[PDB]
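Reading the structure
The chain contents come next:
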Amino acid sequence: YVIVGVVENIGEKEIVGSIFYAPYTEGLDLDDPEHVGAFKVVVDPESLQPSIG
Amino acid sequence: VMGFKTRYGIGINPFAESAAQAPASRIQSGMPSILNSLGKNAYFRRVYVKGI
């Protein structure tokens, strides 16, 4: 297929486009705040190998 | 919980056999398998002692 569409950004609030994504990071203490989202490591309770996600 | 882990490997010194002018297959295990080292390593000689 072929799709056309728009992305425009006037400034401050006047942001327009189809599908805004608009990620939510507030509340997370981030290593590199431009990352979006965050990593956690647990390590198993029986096996002691790492588990990351 | 807790525990401790180690990784190592052991092996046979080239020419330990002493009995040959050449290796088999040219790529050999360095591990102490029966065929590779049981009773064969020239660096060591064992004697049992009786009568003490």
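Residues numbered from 1 in each chain as written, not as in the entry; some residues may be left out. Chains lettered and ligands numbered in written order. Part of a larger assembly, values for the part shown. Heavy atoms only, no water.

As documented in the archive entry, the model was determined using cryo-EM at 3.4 Å resolution.

Turning to the overall build of chain A, a few remarks are in order. Within chain A, the regular secondary structure consists of zero helices and two strands. Rg of the C-alpha trace for chain A: 19 Å, well past the compact-globule value of 10 Å for 53 residues, more than 25% over. Every one of the 53 residues in chain A was classed for burial, and the buried ones make up 2%. Taking contacts inside chain A between residues at least 6 apart in sequence as the whole, the part at least 24 apart equals 0%. When the accessible surface of chain A is summed, it comes to about 5500 Å², and 57% of that surface belongs to carbon and sulfur atoms. (Helix = DSSP H or I, 4+ residues; strand = E, 2+ residues; numbered from the N terminus. Rg over C-alpha atoms; globule rule 2.2 N^0.38 Å. Buried < 20%, exposed > 50% of the residue type's maximum accessible area, 1.4 Å probe, protein only. Contact = heavy atoms within 4.5 Å. Areas by Shrake-Rupley, 256 points an atom, 1.4 Å probe, with all protein chains shown as cover.)

Each helix and strand counted, chain B has one helix and zero strands in total. Relative to the globule expectation of 10 Å for 52 residues, the C-alpha radius of gyration of chain B, 16 Å, shows a markedly less compact shape. Along the longest, intermediate and shortest principal axes, the C-alpha atoms of chain B span 50 × 45 × 15 Å. If you sum the accessible surface of chain B, you get close to 5800 Å²; carbon and sulfur atoms cover 58% of it.

Let's shift gears to the side chain of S37 of chain B. Relative to the helices and strands, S37 of chain B is located in helix α1 (residues 34-37). Residue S37 of chain B is classed as buried on the basis of its relative accessible area of 18%.

Both trends apply: most residues other than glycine have a negative phi, and most peptide bonds are in trans. Positive phi values are uncommon outside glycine, yet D32 of chain A reaches one of about 65 degrees. Mapped onto the elements of the fold, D32 of chain A is located in the segment after β2 (14-17). A positive phi is found at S18 of chain B, a non-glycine position, where the angle reads about 70 degrees. Overall, the relative accessible area of 56% leaves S18 of chain B in the exposed class.

All names here are of chain A. Counting buried positions over the five residues of strand β1 (residues 7-11) gives zero, only a small fraction of the element. Here β1 pairs with β2 via four bridges, running antiparallel. Note that in β2 the partner of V7 across the bridge is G17. Counting the residues between successive antiparallel strands, the hairpin from β1 to β2 contains two residues, one of them, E12, with a positive phi of roughly 65 degrees. (Pairing = 2+ DSSP bridges.)

A few words now on a nonpolar patch on the surface. A surface patch of nonpolar side chains, amounting to about 640 Å² of accessible area, comprises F39, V41, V43, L48 and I52 of chain A together with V1 of chain B. With respect to the helices and strands, the residue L48 of chain A is situated in the segment after β2. (Patch = residues over 30% accessible without salt bridge, like charges linked within 9 Å, V, L, I, M, F, W, Y side chains within 5 Å. Salt bridge = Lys/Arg side-chain N within 4 Å of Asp/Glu carboxyl O.)

With that out of the way, let us pick up a negative patch on the surface. A surface patch of like charges, here negative, comprises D29, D31, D32 and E34 of chain A. A relative accessible area of 44% means that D32 of chain A is categorised as partly exposed. (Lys, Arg positive; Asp, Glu negative; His and termini not counted. Charge placed at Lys NZ, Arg CZ, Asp CG, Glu CD.)

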